[PDB]
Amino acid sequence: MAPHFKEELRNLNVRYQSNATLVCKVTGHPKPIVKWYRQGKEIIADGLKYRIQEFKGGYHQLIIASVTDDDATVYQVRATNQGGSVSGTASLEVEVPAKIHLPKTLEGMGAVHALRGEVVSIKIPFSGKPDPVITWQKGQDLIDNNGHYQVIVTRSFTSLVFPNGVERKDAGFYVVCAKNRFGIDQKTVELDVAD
């Protein structure tokens, strides 16, 4: 009997830093040998990031520890005997709730100290999967790109920039917010401007 997946690999949605477990059940005679792959590159069990467990009745399990977005990909499992070889595939998607990560806080909030005319960037790392929506406000007036401010949003941070150089009036309290479907998080940064 050529190998068969009696129970196929399942797609997984797993929360960041948890362990992800991929399981399948394999039939075949002679008993198939199972290899595991991350996007087409063989995974070698090392006992730490990757562990393999096999049980009676043809069950085969891979445990991927402490899952990062790096682990969020397509996985293959292959079963092979002298009668044939077949693979199954599943995806792992890693849910990270939206979150703002202030490098430095003073008295509760972020703080940026600037001199007049300095081209300031308020740079704010964040997390979230799905990628979150980002907004900035000053107190409570939304900011988009106009003639005064520029917003940068990349995969991992957002920056509020004062491309024309800060003016004394730029002093105040800026609120940055990251939102996805696993949640919302906001933080405030105080800017002060020195002359």
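Residue numbers run from 1 along the displayed sequence.
Checklist entry - Quick one: higher average CA temperature factor, 102-110 or 67-75? => result Higher mean C-alpha B-factor in the PDB entry: 67-75.
Checklist entry - Mean CA B-factor: is it higher for 138-146 or for 55-63? => result Result: 138-146.
Checklist entry - If you rank the chain by CA B-factor, which third does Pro132 end up in: lowest, middle or highest? => result CA B-factor rank for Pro132: middle third.
Checklist entry - Lowest, middle or highest third of the chain for the C-alpha temperature factor of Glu167? => result Tercile = highest for this residue's CA B-factor.
Item to check | Third of chain Cα B-factors occupied by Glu190 | outcome: Bottom third by C-alpha B-factor.
Checklist entry - If you rank every modelled residue in this chain by C-alpha B factor, which third holds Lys35: lowest, middle or highest? => result For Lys35, whose C-alpha B-factor we compare with every modelled residue in the chain, the answer is the lowest third.
Next on the checklist: How does the C-alpha B factor of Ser85 compare with the rest of the chain: lowest, middle or highest third?
Outcome noted: According to the entry, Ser85 has a C-alpha B-factor in the chain's lowest third.
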